[PDB]
Every structure is written in structure tokens, then in C-alpha cells.
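Heads up: the structure comes next, in C-alpha cells.
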Amino acid sequence: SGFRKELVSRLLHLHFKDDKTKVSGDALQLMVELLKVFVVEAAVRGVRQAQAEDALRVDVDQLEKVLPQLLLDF
Amino acid sequence: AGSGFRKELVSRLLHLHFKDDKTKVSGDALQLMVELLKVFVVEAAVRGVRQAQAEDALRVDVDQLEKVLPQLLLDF
Amino acid sequence: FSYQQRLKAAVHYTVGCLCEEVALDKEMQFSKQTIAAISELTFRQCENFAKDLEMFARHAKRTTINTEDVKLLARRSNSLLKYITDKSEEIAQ
Amino acid sequence: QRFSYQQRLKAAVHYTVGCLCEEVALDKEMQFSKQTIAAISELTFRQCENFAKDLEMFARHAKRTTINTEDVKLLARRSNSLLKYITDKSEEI
């Protein structure tokens, strides 16, 4: 699984403050990889936290505990 | 003016961490880093106070401080 | 069914797939709201990424964001910067 | 030797942080625990590392060896009011 670079392009351009701003094809492909890693890292850390709490499943409460550090790593 | 960081001190903290020994910080950047370091300390302390005031505490303890640390780090 | 809502659904689908894989690999399930939470979190992250990239490019007198801009995004983590760097040299051929 | 240098610096920071926090203490009619002021102190020393590393990389990103004001402004981009404050203090020069 992975993000379509088209989608990633639309996400980024949605937030640029200057309309003249563009992103090279290679940078786009990289961002596609970066977004994937971000999601997977959030999920893996969610699981590790759920296992620590002896949870049945990764619930929002467990996810919320790993968010603060994740954001600081990215 | 009151309390503040020493330009010398700030400089030695930066050079403590630089990866290449060709890296030099300009005077203005150093003057600004002195100011940046100050607002950081001030923000933490001020946010700690607001937190403890939210809990009706008498002093700022590590407990309240820890509650403002996450957001502080995301702002800086 | 607006424009951003279609964007959010799109990432939510990908996040779902990504989480499915992590779930089967680790025999731990994700609640629906967790996957949705990660999805919204991911949408919000694109905002930070986009603005940093723009400012980094601008810092270098450029209007076209390049791979050095992207690698700056990953500078916070040694493994991350290593992961993203190799990947960069991989697509450079 | 190395620890000596670092420890001397960390101590200097502890002192100045104490002075800073004390100002805030009487201005806001509040008080800090010694552990609180110590925690803020270690925090500040850790933040210097990130500031330094970012500054260096931002400069190199602009094909420079000397860190400048624009570099320091990048450090403060993550917050609108922080950036306003730093930008103002920057123009003040």
C-alpha cells in the first residue's frame, strides 16, 4: 500500500501560501514515501502502546498517548 | 533589561553542538539567539504558572510544568 | 462530497490499508476511530510539511521545492533521515 | 575534561534560568519549586542542541557557513506569535 503522488500533490498545494510554489517530481515521490512512514510509525507505536496496557485493540486512548512524541520526531 | 543570557554563553552552547567546525554564527544571529533562548525560558515558566493557576495551586510544580511541555516544544 | 472532503476520504482509505497491513503483521486490531484519528492526523500533518517545504525552498531562494527540502523535513530523526535519504538516491536512479 | 566543559555550561544556564523564572515569579505573584526551575533548566540545555543543529543545517541549506538572522527566524516559524516576536526583535537591530 501507499499514497498516490497525485493525492499527495493535491494535499501539499492545498496549503502553500504562494501560488507560484511548485514541487519537483522527485520531491513528490519522496513525500509519498515520507507520508507512508508517518502513518506506519503512528500505527506501530499505537500497537506497542496497546501491548503495554494489555489492551484488546488499539483504541483512540492508546493512540493519543503516542501522538506527542511522534509529532516531535516528525 | 533585567536577567538575560550572555552572548558568550549562548555562543559556547551552540558551538557545543555544531557538526562542522567551519560553522560560525554572526553577531546579529547571536543577539537574536540570546532573545530566542529567553522567550523559550519565559514561555515555559509563564505557561507553568497559568497551568497551576488553572488548578488553583500555590506554586508551579513539575506536574503542571509537564502539562505545558508538549505544546511548548511544538511551538519552538 | 466537497474537494477537501474527497481529499480526506482518499487519505483515510490509504491509512486504512496501511493500518490493515500493520494489523495483520502484529496480530493487533485497530478500532475504527483510531484509523480515522490517524487519518485526520495525517491530513493535518500535510499542512505542516507543505509550509515547511515552502519556507525551506524559499530560504534557498527557490520557488520549486526539491529533495533537499524534503530531507530537511526528516532531519529530526537519524533513522528517518537515513531512510528518506537512501530512498532519495534510489529515485535519482 | 569534556564533562567539565559541558557541566560548567549547564550550570551557567541553570543560574540564568533561575533568574528568569524569578522575574516571572514575582511578576505573576507565583512561586516555582526548585525541581521546576531545574527541569526548565535541563529543558533549555536540550533545546540549545536542537537550535544549534537546525541553525547549522539551515545555513548550509542556503549555501552559507555563517548562520544569519534569517536562519534564526526559521527556528521560530512554527508559531505565528513567536515569529512576530522574533521578527520584531530582529528588525529592532
Side-chain angles (χ1 to χ4, degrees), chain A residues 1-16 18 21 23-47 49-51 54-64 66-67 69-74, chain C residues 3-4 6-7 10-11 13-20 22-23 25-31 33-39 41-43 45-51 53-55 57-58 62-71 73-74 76-77 79-80 83-85 87-88 90-92:
Chain A
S1 288
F3 294 88
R4 282 182 159 96
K5 44 155 198 177
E6 295 80 14
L7 167 62
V8 172
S9 175
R10 298 187 200 265
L11 292 171
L12 301 183
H13 274 91
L14 186 61
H15 300 285
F16 294 146
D18 188 351
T21 298
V23 31
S24 77
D26 284 4
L28 191 50
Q29 239 320 121
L30 258 193
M31 288 301 297
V32 161
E33 297 299 336
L34 184 53
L35 262 200
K36 178 188 176 189
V37 164
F38 179 81
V39 175
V40 177
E41 198 58 36
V44 164
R45 297 177 189 216
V47 164
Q49 184 65 22
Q51 294 177 152
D54 189 29
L56 280 3
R57 37 120 90 147
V58 183
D59 272 319
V60 175
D61 292 334
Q62 3 276 165
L63 182 67
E64 244 150 21
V66 308
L67 260 31
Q69 239 309 289
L70 173 70
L71 299 168
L72 298 171
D73 302 335
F74 280 82
Chain C
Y3 176 74
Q4 296 200 192
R6 208 150 50 244
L7 261 30
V11 334
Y13 173 75
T14 301
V15 173
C17 296
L18 255 13
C19 291
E20 293 170 1
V22 168
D25 184 64
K26 290 183 157 48
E27 298 167 316
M28 175 73 69
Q29 298 280 35
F30 294 88
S31 63
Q33 34 286 136
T34 292
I35 295 172
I38 295 179
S39 177
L41 191 247
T42 298
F43 190 84
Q45 260 303 289
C46 288
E47 180 164 11
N48 295 135
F49 287 165
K51 290 173 176 183
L53 288 171
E54 189 170 39
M55 281 178 287
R58 179 188 210 266
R62 304 173 353 249
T63 46
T64 302
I65 294 161
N66 62 205
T67 58
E68 296 302 290
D69 293 340
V70 174
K71 287 155 66 182
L73 249 50
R76 272 287 177 262
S77 179
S79 61
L80 216 226
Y83 178 112
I84 257 64
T85 285
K87 191 80 63 176
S88 173
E90 167 188 321
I91 85 180

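In the text below, chain A, chain B and the rest are named by the order of the sequence lines, each starting its count at 1.
Using a 4.5 Å heavy-atom cutoff, the side chains of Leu12(A) and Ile65(C) are not in contact. At least one side-chain heavy atom of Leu71(A) sits under 4.5 Å from a side-chain heavy atom of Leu41(C). Annotation: side chain of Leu63(A) is not in contact with side chain of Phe30(C) (no heavy-atom distance under 4.5 Å). Using a 4.5 Å cut-off on side-chain heavy atoms (C-beta onward), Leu53(C) and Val23(A) make no contact. Between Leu73(C) and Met31(A) there is a side-chain heavy-atom pair separated by less than 4.5 Å. When side chains are defined from C-beta on, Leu72(A) does not count as touching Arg76(C), because their heavy atoms never get closer than 4.5 Å.
Atom CD in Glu47(C) sits 12.0 Å away from atom CZ in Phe16(A) (nearest 0.5 Å). To the nearest 0.5 angstrom, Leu30(A) atom CG is 4.5 Å from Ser88(C) atom OG. The CG atom of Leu7(A) sits 11.5 Å away from atom CZ of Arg6(C), with the distance rounded to the nearest 0.5 Å. For the atom pair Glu33(A) CD and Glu90(C) CD, the distance stands at 7.0 Å (nearest 0.5 Å).
Listed here is the closest heavy atom pair of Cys46(C) and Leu35(A): SG-CD1, 3.5 Å. Of all non-hydrogen atoms in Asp26(A) and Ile91(C), the two that sit nearest each other are O-CD1, 3.2 Å. Minimum interatomic distance between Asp18(A) and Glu54(C) (heavy atoms only, all atoms of both residues): N-OE2, 2.9 Å. Nearest heavy atoms, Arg57(A) versus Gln33(C): NH1-OE1, 4.2 Å. Scanning both residues, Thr34(C) and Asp59(A), for their nearest heavy atoms gives OG1-C, 3.0 Å. The nearest pair of heavy atoms linking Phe74(A) to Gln45(C) is CB-OE1, 4.3 Å.
Contacts between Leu56(A) and chain C at a heavy-atom distance below 4.5 Å involve the backbone alone (N, CA, C, O). Looking at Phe3(A), the atoms closer than 4.5 Å to chain C (heavy atoms on both sides) sit in the backbone and in the side chain alike. If you measure heavy-atom distances from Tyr3(C) to chain A, the contacts under 4.5 Å come from the side chain alone.
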Query raised in the report: Should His15(A) and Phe49(C) be marked as a side-chain contact (heavy atoms from CB on, under 4.5 Å) after you check the CA-CA gap, both sets of side-chain angles, and the distance that decides it?
Result: CA-CA 9 Å; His15(A) 300 285; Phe49(C) 287 165; over 6 Å; no

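Not one N or O on the side chain of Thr63(C) forms a donor-acceptor pair closer than 3.5 Å with the backbone of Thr21(A). Judged by distance alone, with hydrogens and angles left aside, the side-chain atoms of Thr67(C) form no donor-acceptor pair with the main-chain N or O of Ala27(A) at under 3.5 Å.
Listed options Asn48(C), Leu80(C), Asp69(C) were ranked by heavy-atom pairs under 4.5 angstrom with chain A; first place goes to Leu80(C).
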